[PDB]
Structure formats: structure tokens, C-alpha cells
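First the structure, in the form of C-alpha cells, and then the observations on it.
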Amino acid sequence: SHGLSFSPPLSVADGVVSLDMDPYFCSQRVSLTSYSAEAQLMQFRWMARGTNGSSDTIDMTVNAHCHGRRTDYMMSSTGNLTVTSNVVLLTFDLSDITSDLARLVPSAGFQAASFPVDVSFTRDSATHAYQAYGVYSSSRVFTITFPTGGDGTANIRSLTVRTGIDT
Amino acid sequence: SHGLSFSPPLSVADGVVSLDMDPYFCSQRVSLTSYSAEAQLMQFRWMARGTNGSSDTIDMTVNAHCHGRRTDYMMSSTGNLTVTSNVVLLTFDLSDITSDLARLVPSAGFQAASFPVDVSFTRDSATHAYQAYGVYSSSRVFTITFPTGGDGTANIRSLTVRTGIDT
Amino acid sequence: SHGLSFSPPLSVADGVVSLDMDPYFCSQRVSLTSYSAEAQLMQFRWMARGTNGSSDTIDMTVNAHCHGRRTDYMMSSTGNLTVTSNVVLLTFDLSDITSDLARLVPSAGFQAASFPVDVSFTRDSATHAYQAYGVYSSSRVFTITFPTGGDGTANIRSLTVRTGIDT
């Protein structure tokens, strides 16, 4: 009475059965292979906000390499960040950028965990480098946490952030 | 007489044909896209064993970021490692850890080759950094090889290992 | 009159319907999972050519870790590179290598953008490190651009290039 059907990502049109493919994730060249969508390298300014250990903000020059469903951030501060404590929480919210924002949004899978972030900066003429960690707290906002290299009030500069997300 | 059938990863149930999907590798949102499984960041201690150029062992504080089927290791020694030669082979066996061990096991594809490992440590107050290489020698055990920065007996400290595996 | 058919990467043979799979990209273990093809670590010499800011060339010792459809380059110069300007364009053409060249060729998706490249070198005894960028200009040729750390004629040495491509 009832025959045979196909559930997504399989679909049918005029009795032709197909694989629906996310071009950012895969594609066919006779077989199923990796993504066919253009990579892009976006460059923009992102104003990060201290949210604990600081109420200052900081301009970061960002390069985002969106390639397949991997997106890698390479960022640089301009100007200084005022820090109050010895650890600082620094927040990146998509609003504060100045564009398919899509491929700057982590998949729900990725958001489940804290992720590695490479951080360095200068504090009164000494360089500091730390293995730090980021966490998304909503799909549009993540926060990195790293030590500031001392106590009480100071101004760090030449802040670099290297990280990546699965979108 | 004989009709039409479907081979894995295609399967059928009540005449509904499906793509069986590894959630750590892909998933559907109408189309075939990347993984839907939660990422996790595990933190644990791994005791590495010198196996040549040393018979000492060394506590490493490990963070493993298991995200999709990529797993990235960021590790730090505590205490010192006694080295005898000028290259050392350092072994990471899953037993020596203190948990889905699954996503700390490389795919058979990955094991076929030696893989890049970032290493640095301090030796009598000088820092040393090397591009080193790891090789799995069984699915549960890999060995990194790196130079020790001198000869005969010494103690290196602040050992860091940054690497990653395809699981 | 006309029934039902299957378009690639779906195919059929003796009324058995299949997923055609790129083994460098995926495979089945009951479900669709990631690649099954061996990783390999190739080691060879690549002669890069200055193409602007220099007409010199430079031997690089290359290690390429081809794993799945990701290929990561770790390279080192031997000898010195003569630089004339304050930025230099350095070109890597597959001809100049001395082997499935296949997995050293970026997918068309990847070529669409400039990509991040890590570079450092020494210039009259000071170390220099820069976040640089590469661009393929044909599927067999890419060019990195980085600053040389000064002006007019000099010789840089101990040049390292760390980058990666989606193949």
C-alpha cells in the first residue's frame, strides 16, 4: 500500500533521489568529498569589553579566516586595556563589530565546551604569553579569561588573541 | 525477482531509507553538515614515561579539547624529567592517565603517519623550543621524540607539549 | 513509465544503492564517519623564489603532514635569502620541489581566499616573527608576503614557515 520513502539529508524530486549537501561542509566530485564553498578572509574591528577584572574596552583588529566550517581568528589590540585584577575576563559580542555573520557563529556542538585561546600582551615593557580558554555564553558572545601578569591597576598593550571555532 | 537494496551508511526501516550519521562527524539540518555532538574539554594528569634517552617519568597536566573528531592536546609538566642523552623519546600510554577514552584514540588513518608535535622546556635556566614529531605505535600509545638541548645527564623542567589527533 | 533514479554521490550497481565516498574525506563504520585513508608525513626540499622585494631563491626543508583532506606545512630555510625591500613576496611552485602531488593542491574552495601563514627569521642576529598571509594564484603556486625587518639590501636566515591548506 505504502512503498518506500527517504528522510533528510536524503530527498527526492521527479523520482530522482539526492544527497542534500551543506556546501560549507561537503560536496560531490562523483563521490562525497569536503566543502566546495569559497573560503574568505574577513578583516574588521572588534571592540572587546572587559567584564570582570576590568571595565575598560579594547579595539582589536581582527582577521577571520572562514574556511569550510572552520573559522580561525587572528587578532591585535590597538591602544591599551586598563586592568584592575590579576585575571581578566574579556568579552567578544558580535554586536561590537564594525558580512555573513553566520560563519562567525559556533555550532551548538562547539558551544558545549570551553575552548583553547592563545594570548599574549605587554605589561610595563615585559612580554607575557598564556595558554588561555574561551567560552561562548550565548551563540553570539564568547569570553576569554587570562591572567594579567600582576596585581591592582595597570594597562596592558599589544594584546594578541589566536583562536578558532567550528561553525 | 530481486528488486533494489541499500548498503551502509545507507539503511532502511519500515521502507524509510536513511543516512546513518556519526554524530561526532556530521549531522543533518535539512542537508548534510558537520558534527552535532557536544565538544568537551577534559582536564587530567598524564604520566609520560621516558623510553630511550631517559628512564625517568613525568607528570603532565593535560587539557584535551575533543571537538568533532579532532582532539587537541595542550600539556604541562610538573616536576623535572631526568634525561641521559641528547634526544629523548617520551611515551604517552592511555593506561598512565588518572571518561570516554574513545575520543583520545586516533583513527587508523591517522596512525599511519608520524605527526607534528610542539615542544618546549627549560634546561639549566635556558628555554628550548623544537618542532618535534609523534608516532602512535599501537592505538593506545604514542611516542614523541625531541632533542634535550645538551648531553649526558640533566634535568629538564616546564615541559610543554602541544599537538592534535584525528580520531 | 519512468520510476526512480539516484544522482551522485549516490549510485547503483545490481540494484544495490550506495554512497560513493572520498576515502580522504569520509568512510563508513556502519555510519558515515571521517576519513579512512592513511595520513602521511612527506619530507622534501622546496626551493622558494622571491618575486618582489627580492630576486633571490631559498632552499626550504619541508615537512608536509597530509592527514584527511587537511595538509599542514612545517618548513625551514637552509642558507640565506637576499632581500632588497621591506616587505618580501616569496613563491612556492610545485615544480620547484625535489609522490601524490594531489594532496599538496588546495581545493578550489580554499584558493578563493588569502590564508594565514606563520613566519619568522633572523636578520643581523635579531629574531623576527610575523603573522603573514599566503595566496594561491593558480592551483600549483602560492605566494606568501611578509615584512623583512628593515630596508634596502640584507640577508635573512633561519626562515620558518608554518601553514596549512584544505585540499
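Labeling convention for the C-alpha cells: chains A, B, ... as they appear, residues from 1 per chain, ligands from 1 in order of appearance.
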Tell me which protein, DNA and RNA residues are within 9 Å of stretch 60-76 of chain C, counting only C-alpha atoms, leaving out same-chain ones fewer than 4 positions away, and put them as a PyMOL selection string.
(chain A and resi 33-34) or (chain B and resi 109-110+113-116+131+166) or (chain C and resi 23-26+34-48+103-106+158-167)
Give the residues of chain A that lie within 6 Å of chain B; count only C-alpha atoms, and format the answer as a PDB file with C-alpha atoms, in the first residue's frame.
```
ATOM      1  CA  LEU A   4       9.409   3.282   0.113  1.00  0.00           C
ATOM      2  CA  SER A   5      10.416   6.807   1.331  1.00  0.00           C
ATOM      3  CA  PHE A   6      13.589   8.932   2.014  1.00  0.00           C
ATOM      4  CA  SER A   7      14.414  11.013   5.174  1.00  0.00           C
ATOM      5  CA  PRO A   8      16.745  14.056   5.199  1.00  0.00           C
ATOM      6  CA  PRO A   9      19.557  14.671   4.227  1.00  0.00           C
ATOM      7  CA  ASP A  20      21.315  17.414   0.117  1.00  0.00           C
ATOM      8  CA  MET A  21      24.755  18.862   0.863  1.00  0.00           C
ATOM      9  CA  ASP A  22      25.933  21.800   3.002  1.00  0.00           C
ATOM     10  CA  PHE A  25      30.829  21.120   4.666  1.00  0.00           C
ATOM     11  CA  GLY A 109      28.200  21.230  19.375  1.00  0.00           C
ATOM     12  CA  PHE A 110      31.183  23.566  19.759  1.00  0.00           C
ATOM     13  CA  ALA A 112      29.118  22.938  24.713  1.00  0.00           C
ATOM     14  CA  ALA A 113      32.758  23.297  25.823  1.00  0.00           C
TER      15      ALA A 113
END
```
So, counting only C-alpha atoms, which residue among B:135, B:141, B:81, B:58 is closest to residue B:95?
B:141
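Here the residues within stretch 6-167 of chain A that DSSP labels helix (DSSP H, G or I) on the basis of the backbone are residues 94, 95, 96, 101, 102, 103, 104, 108, 109, 110 and 111 of chain A.
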Can you tell me which residues surround residue B:152 at a distance of at most 9 Å, considering only C-alpha atoms, apart from same-chain residues fewer than 3 positions away, and format the answer as a count of residues only?
4
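The gap separating atom CA of residue C:52 from atom CA of residue C:151 is 13.7 Å, in Å to one decimal.
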If DSSP is run on the backbone, what residues of stretch 22-149 of chain C are strand (DSSP E or B)? A reply as a ChimeraX atom specification would be ideal.
/C:26-29,31-34,40-50,57-67,70-78,81-83,87-93,97,115-123,126-138,141-147
Between atom CA of residue C:157 and atom CA of residue C:122, what distance in Å does the model show, to one decimal?
5.3 Å
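Take atom CA of residue B:145 and atom CA of residue C:94: the distance between them is 29.7 Å.
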Residue contacts of residue B:153 (12 Å, only C-alpha atoms) excluding same-chain residues fewer than 3 positions away, as a list in words
residues 53, 54, 55, 56, 81, 82, 83, 84, 85, 86, 87, 88, 123, 124, 148, 149, 150 and 156 of chain B
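Among the candidates A:49, A:119, A:96, A:78, the residue lying nearest to residue A:147 is A:119 (atoms considered: only C-alpha atoms).
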